[PDB]
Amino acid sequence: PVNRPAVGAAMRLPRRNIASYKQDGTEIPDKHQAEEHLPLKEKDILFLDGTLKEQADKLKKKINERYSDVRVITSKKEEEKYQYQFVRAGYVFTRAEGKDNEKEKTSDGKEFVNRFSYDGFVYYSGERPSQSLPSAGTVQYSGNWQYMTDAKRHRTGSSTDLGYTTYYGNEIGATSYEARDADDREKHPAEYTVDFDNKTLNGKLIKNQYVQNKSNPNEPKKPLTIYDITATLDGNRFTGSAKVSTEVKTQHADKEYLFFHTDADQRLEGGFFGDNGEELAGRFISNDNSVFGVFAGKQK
């Protein structure tokens, strides 16, 4: 589950109950809504198989099973940069315009269930698990990552103030595809070093921070490491941890830390794809189920 080897995994957008009445029509006490915090669940990690296209199609299918007539946006445009052959770290989602929220109401018309109609997944996919890996040497990979967070009403004592499209992070999970305060040139790069001598992987899941000069395409990037990855290789898999960088904790306590605050200890799993480990991909989920992340990489 946390440890399951896979050729694909996904997490669906969590949508918390923002209703302020109970099913008996009585007010929820102390100004509270029915569900002010909705963590992710490991049981909700959706495991995938088949080709890259089949896996993506399955997730889009799931979106349309809920609403047949909503438009879907994908990460196809975002992942162009990487020219991945065997892996994906992507997303598929909808804003569900013109759809009412999911509601359940009393006879008198009071809402005791109210959930947003938004929907989406972040996921990784891999094809052709490696049959051979280098017996020696160190190899650099570069790529990207995506993420899906819990839904939480109060992260501190708006969602846009915190760098996300309105509501994301609060009434529904925060996602990489709704991050507004990142460098849209490349919001979420990732870097990895694989030591095939000692059989270790180290990496960084990075956010390129927002830059004021948006007219110069060669404006320098402002990287911020969100997670340090460490892992051990075993066959064509690797297992390890994602740890929130100290820098996030101390210098970004009022923003990034409100979303990325707990490690994923021994809760990161991935593997190599392409017959000779040309690429890699995987996932992690933090100890308190506050973030599900997926990541991918390609040899430099």
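Residue numbers run from 1 along the displayed sequence.
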item	value
Entry-level comparison of average CA B-factors, 166-174 and 98-106, reporting the higher stretch	98-106
Comparing 75-83 with 127-135, the one whose average Cα B-factor in the PDB entry is higher	75-83
Member of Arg237, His252, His261, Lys61 with the greatest C-alpha B factor (per the PDB record)	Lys61
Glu111, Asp183, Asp195, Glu219, ranked by C-alpha B-factor: the highest one	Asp183
Third of the chain's Cα B-factor distribution that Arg155 belongs to, per the entry	highest
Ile28 - Cα temperature factor, lowest/middle/highest third of chain	highest
Among modelled residues of the same chain, the CA temperature factor third for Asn144	lowest
Ranked C-alpha temperature factor of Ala56 among modelled chain residues, by third	highest
Where the record places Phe273 (Cα B-factor, split into thirds across the chain)	middle
